[PDB]
Every structure is written in C-alpha cells, then in structure tokens.
Amino acid sequence: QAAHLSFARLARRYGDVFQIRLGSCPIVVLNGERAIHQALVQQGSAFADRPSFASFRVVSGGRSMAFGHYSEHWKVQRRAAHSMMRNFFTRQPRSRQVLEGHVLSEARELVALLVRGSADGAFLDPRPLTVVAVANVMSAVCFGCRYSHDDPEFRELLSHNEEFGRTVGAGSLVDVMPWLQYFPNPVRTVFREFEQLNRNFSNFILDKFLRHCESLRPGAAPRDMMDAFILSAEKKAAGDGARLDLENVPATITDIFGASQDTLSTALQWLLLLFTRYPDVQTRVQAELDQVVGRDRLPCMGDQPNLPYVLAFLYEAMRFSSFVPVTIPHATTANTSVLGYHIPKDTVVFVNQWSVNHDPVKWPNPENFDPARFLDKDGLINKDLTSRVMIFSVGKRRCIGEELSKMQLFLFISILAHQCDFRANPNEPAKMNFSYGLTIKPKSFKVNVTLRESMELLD
Ligand code: HEM
Ligand SMILES: [N-]=[N+]=N[C@H]1CC[C@@H](c2cc(=O)c3ccc4ccccc4c3o2)CC1
C-alpha cells in the first residue's frame, strides 16, 4: 500500500502517462522510460519546478534547493551547490583521498561496532550504526567534525527520518488536503512531527554557521565545506563563477547533509539486506573482491573498473530496491505534452522511478535480484545496460551527489564485504517488511557480523 506500486497499476489501463487526483489537487504520473526522459530531459525546464506545497516551505527556512521552485536565484543556488559538489572532490590531487579517508575511518568503526554488538551468535539492528556512520563522513566533509556513536543528541537528530519521508513523499496528504490539519489522526501527526525535525536540523546547522563564521579570519584557507560556501559568499560580498549569498548557505548545507545522511543510510542498509537475503551474491562480491585486490591489502577506490560484480551488484541493488521509487514531486513551468496527453501549466507532477526499473519489456527478471544481469559475455560491466537504472532522476532536478554517493557506497561495501561476514537471523520468518516515505527503509532487520580475518582496518 505504497504509492510507487499503485501508479504502474493505474498506468496499465490508463497509460504510461495518466492523472490521479489526490483529494483536490491534480497529479500527472509519468511512468515510462519514454514518458520520463521526454518530460524531464527533452521537455526539461517545463517540469523543473516544484509543487506549491507548503511543507516544502517548512524545509531549511524555506530557502532549500531540494524543495525550491525553479528560477534564477535557484539557478545560482543549484549551480553553486553542484560546483561545490563537483569541486571539493577533485580540485587538486588527493581531494578524493581526504574523503576516501573518512569512509575508511568510518568503515573501520562500523565493522568494529557491528562485530561488537554481534558476538556470541547474536543479531542486531544495523540501522543506528549506519546513520551515525554515514552522517560522520558528511559531517567531516561539511563541518570537519565527526560524531561518536555515544552522542544521544546526535542519534536523536537522525531518529526522525521516517517522518521526513512520509510528509513530502509523493503519494501524501499533508499538502494536497489542508483540511486534515484541524484534528488528531495520522496526517495531523505526521506533519507536526515533521515541522519539529526541520526545526532541529536548521537549528543544528545555522548553529555550525555561526561558529564557522566565528572561525574564518580573512588570512585563511577554507577548512570545511561550510567554510568553502562562506568563502564563496564573502567573496561575492566585497567584490565579484557560482557563488550564493550567505543567507542561503545555512539552507544549502542543510540539504546536502540532510539528503546524504538519510538516503546513503538507506542505500547502505539495503546492501546488507541483499547479502543476508541472497547469501550467494554476498559470496560472489566477497570473492571477486578477494582476487582483484587480495587478502593481503584492503580495497580502495582505484579497484573500481577492476571490480565488475561489485558495480553489477551496486546497480541491481539500486534497481531491485528502487529505494527512491518516486522523486520529489515536480511541477510545470509553462505548458507541455507527454505521449500526446496535454499537461497544463503549474500542474502537479510525479515521476515513477520504480516503473523504469521494473518495466518487464525492458527489465526481464523484474523482481528477481540478479546482479549478474549487468554482465557482458567475456564478463565485463556493460556500460550500455548499467546506464539505464533510474534512481538519481534526470534533467534539471537530478541528484547532485550521485557522483559522490556512488563513491561512498562502493568503498563502504568494498570494506564491509572484504572485512566482514553477514548472517541473516534464521529465526525471522514473515518477510522483510518496509516503511515507505520518499524512501523505502527496511523495518527492523537483524544481522550477525563476524570478522573475516582479524582487523586490518586498525590504520
Ligand atoms: C544513493 C544516494 C542518493 C539517491 C538515490 C538520491 C536520489 C535523489 C533523488 C531521486 C532526487 C530527486 C530528483 C528530482 O526531483 O528530480 C534527489 C535530489 C537531491 N539530492 Fe539526492 N540522492 C542521493 C544522495 C545524495 C547526496 C549524498 C546528496 C548530497 C550531495 C544529495 C543531494 C541532493 C539534492 C541537493 C537534491 C535536490 C536537487 C534538486 O532539487 O535540484 N543526494 N536525490
Ligand atoms: N531519497 N531521496 N530523496 C532526497 C533525500 C533527502 C533530501 C533532503 C533535503 C533536505 O533539504 C532535508 C532537510 C532536512 C532534513 C531533515 C531530516 C531528514 C531529511 C532532511 C532533508 O532531506 C530530499 C529528498
């Protein structure tokens, strides 16, 4: 009973394009490959605008990029994030290394703690470790300051993600039915909780905005991304390519932290769930890692073209999961048409990512987890097929960390596979249930982690 599912069904009789009406507001639901790539690439900028949904106006003081309406103050606000998304990593040799280093740093902590909780045949919820973990990499990049797995106030700040999904997830009732906010019942709850955890993110980050402003005394080289965005805006204040005004630097860092922490936490959940619930893909990835790099030395980002399965799993996991099944709802700039069907200006729009990744005219074994799906005859990755899984979206509103988030999940499992052993609790029958909202996060699932051969992570 999650919205990604029910649109491909509605599509079958009514069209790859059709239009539901949620409460009052009119949704157009793009479900093909052909639908989406027409709409968002070929008619892009005609769909690059966001709903007039006022939960979006809650996010990051209303100055969010994720949820912001498409315009020229938004142009430079995306242009400045991405060209920081692209610039930070790669400006000079080893730009990636300091990032790479955090993943290893944290990977060593994860397998330490995963193994810690799991001794004596035990099993444990890997959830609250993989978010402390994933959020540290991004807090070391953004704020130059990781957080311990002791800190209950940090773990707090992270323990409300299922809320932020639900509220602004496509399929929802907090924006499109304003009549529901006068009385107790799920839809009243789910939004009031939502306004709470946005307060606590934008209070947690405008916080780091002050102290970094307190830090950077003109004779300086930016020692953070928080810094780098302020150096960016303090250079667009007292003189004259992509540079914000300060007033949006709190908001734009918030989106880049809040995004990553939630999604990359999910992604890294799902992969463990695919090793536990498909033992023999764990085996392959775990083997091919061994041969290509060795037991002798733990694996690094160099190894990537030389690891065709660990990509071919990464990608099938992406597809099968489709853990972002419906992108942050788009809206229209001017008029348009998709597969003929004429779609009026400012109409609300959804984008079904699960209906690119599960169309069985394009994707044969659609609900089978099959990584080796992505594999050439002589055994290679096959760039042709692999570049058609829809999960980061496309055209004007596509994801800007895609580049980064791939390099974070690759390492993270290239360590975890190569260092640890993952067991599904055999006493867990009725299947791995979920909890849908923007993202598809597994419900409490339990895993036993033994070390393969000592700890090589210790520097
Ligand atoms: C596996 C990891 C990730 C996935 C699957 C993912 C997926 C997505 C999706 C589906 C969207 C919406 C696209 C649309 O509405 O057209 C999006 C937007 C966004 N993502 Fe991600 N994302 C991931 C990681 C990250 C990370 C690490 C960051 C930090 C850079 C990030 C920052 C953003 C931002 C700022 C937006 C808003 C872009 C915009 O509205 O124009 N994402 N992402
Ligand atoms: N999968 N997927 N999609 C994207 C992932 C997350 C992106 C995002 C952007 C923000 O600005 C933001 C802000 C405060 C948040 C507070 C708690 C949790 C999350 C937050 C958050 O998340 C938007 C959608």
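Counting starts from 1 on each chain and follows the sequence as written, independent of the entry's numbering; residues without coordinates are not shown. To read the labels, note that chains go from A and ligands from 1, taken in the order they are written. As a convention, hydrogens and water are excluded, and side-chain values are obtained from all of the structure's heavy atoms. Residues with missing side-chain atoms are left out of burial classes, side-chain pairs and their counts.

A. The packing of aromatic side chains, seen in detail. Each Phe, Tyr or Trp ring, with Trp reduced to its six-membered ring, pairs with another whose centre is within 6.5 Å; inter-plane angles below 30 degrees give stacked pairs, above 60 give edge-to-face pairs, and intermediate values give tilted ones. In this structure the tally under the stated criterion is 25 aromatic pairs. Ring centres of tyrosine 70 and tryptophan 74 lie 5.4 Å apart, and the angle between their planes is 50°; on these two criteria the pair is classed as tilted. Exposure classes here rest on a 1.4 Å probe applied to the protein chains alone. A residue is buried below 20% of its type maximum, exposed above 50%, and partly exposed in between. On the accessibility criterion, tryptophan 74 (5% relative accessible area) is buried. Between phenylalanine 154 and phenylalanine 204, the ring centres sit 6.1 Å apart and the planes meet at 50°, which makes this aromatic pair tilted. Note that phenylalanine 154 is positioned in helix 6 (residues 152-158) and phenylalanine 204 in helix 8 (residues 186-215), a separation of 50 residues in sequence. Note on conventions: DSSP H or I runs of at least 4 residues are helices, E runs of at least 2 residues are strands, and numbering of each starts at the N terminus.

B. Local environment of the pairing of strand 9 (residues 439-442). Both faces of strand 9 are covered, namely the face carrying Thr439 and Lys441 and the face carrying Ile440 and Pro442. In short, DSSP must find at least two bridges between two strands for them to pair. With 4 bridges joining them, strand 8 (residues 434-437) and strand 9 adopt antiparallel strand pairing. Within the sheet, the bridge partner assigned to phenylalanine 434 lies in strand 9 and is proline 442. Here strand 8 folds back onto strand 9, and the loop between the two strands holds 1 residue, one of which, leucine 438, carries a positive phi near 70°.

C. Examining the UniProt feature "binding site: heme" in the protein chain more closely. UniProt positions are given in the numbering used here, feature names are shortened, and annotations may be inferred rather than shown by experiment. The UniProt record annotates "binding site: heme" at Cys399. Summarising the element assignment, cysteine 399 is placed in the loop between helix 13 (383-386) and helix 14 (402-419). In contact with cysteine 399, other than residues within four places in its own chain, are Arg78 and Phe392. Should any heavy atoms of two residues lie within 4.5 Å, those residues are counted as being in contact.

D. Highlighting the site of ligand 1. Contacts to ligand 1 come from 26 residues, most closely from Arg50, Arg78, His330, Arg397 and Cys399. Polar contact criterion, stated in full: a pair of N or O atoms within 3.5 Å, where within protein one must be able to donate a hydrogen and the other to accept it, and residues adjacent in sequence count only if both atoms are side-chain atoms. Between ligand 1 and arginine 50 there is a distance of 2.7 Å, counted from an oxygen atom to a side-chain nitrogen or oxygen. Residue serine 393 places a side-chain N or O atom 2.9 Å away from an oxygen atom belonging to ligand 1. The set of elements that each furnish at least two residues to the shell around ligand 1 consists of helix 3 (72-85) and helix 10 (249-276). Among the elements that line the shell around ligand 1, the one with the most residues is helix 10, at 5 residues. For this scheme, ten residues count as nonpolar: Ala, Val, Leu, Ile, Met, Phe, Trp, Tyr, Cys and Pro. Four count as charged, namely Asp, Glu, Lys and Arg, and the remainder, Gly too, count as polar. When its residues are assigned to classes, the shell around ligand 1 shows 14 nonpolar, 8 polar and 4 charged. A single heavy atom is enough: if one lies within 4 Å of a molecule or strand, its residue is considered near that molecule or strand.

E. Examining the site of ligand 2 more closely. Around ligand 2 lies a shell of 18 residues, among which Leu197, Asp255, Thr263, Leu438 and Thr439 are the nearest. In the model, an oxygen atom of ligand 2 is placed 2.7 Å from a nitrogen or oxygen of the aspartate 255 side chain. Only the protein chains shown count as cover for residues, with accessible areas throughout obtained via the Shrake-Rupley method and a probe of 1.4 Å. The protein chains hide 94% of the 510 Å² of surface that ligand 2 would expose on its own. Listing elements by their share of the shell around ligand 2, those giving two or more residues are helix 7 (161-168), helix 8 and helix 10. Ranked by the residues each element gives to the shell around ligand 2, the list is headed by helix 10, at 4 residues. Partitioning the shell around ligand 2 into residue classes produces 10 nonpolar, 7 polar and 1 charged.

F. Broad picture of the pattern of salt bridges. The rule for a salt bridge is simple: a side-chain nitrogen of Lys or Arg has to be within 4 Å of a carboxyl oxygen of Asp or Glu. For the structure shown, the criterion picks out 19 salt bridges. The partner of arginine 166 in a salt bridge is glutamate 162, with the nearest N and O atoms 3.5 Å apart. One end of the pair is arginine 166 and the other is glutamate 162, both in helix 7 and 4 residues apart, which spans about a single turn. Owing to a relative accessible area of 30%, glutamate 162 belongs among the partly exposed residues under this scheme. A salt bridge links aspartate 224 to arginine 223; the nearest nitrogen and oxygen atoms lie 3.8 Å apart. Here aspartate 224 falls in the buried class, since its relative accessible area comes to 1%. Where salt bridges share partners, they join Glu106, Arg108, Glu109 and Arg146 into one cluster.

G. Quick look at the nonpolar core. Ranked by internal contacts, the top residues of the largest apolar core, which has 123 residues, are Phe257, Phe313, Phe350 and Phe422. Considering every element that reaches this core, the biggest residue donor is helix 10, with 12 residues. Those residues in contact with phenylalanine 313 that sit more than four places away from it in its chain are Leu271, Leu274, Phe275, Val281, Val285, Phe369, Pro371 and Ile413. Counting residues in hydrophobic clusters, the runner-up holds 15 residues, among them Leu30, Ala35, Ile36 and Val349. Buried residues of nine kinds, namely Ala, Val, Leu, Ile, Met, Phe, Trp, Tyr and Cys, make up a nonpolar core once their side-chain atoms join them within 4.5 Å.

H. Region of the structure containing the sheet that holds strand 6 (residues 348-351). Strand order in the open sheet formed by 4 strands is 1-2-6-3, and the pairing between neighbours is mixed. Each of the sheet's edge strands pairs with one partner strand only, and the pair in question is strand 1 (21-22) and strand 3 (330-331). Looking at chain direction, strand 2 (residues 25-30) and strand 6 are connected through 4 bridges and run parallel. Each bridged residue has a counterpart across the sheet, and for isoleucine 27 the counterpart in strand 6 is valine 348.

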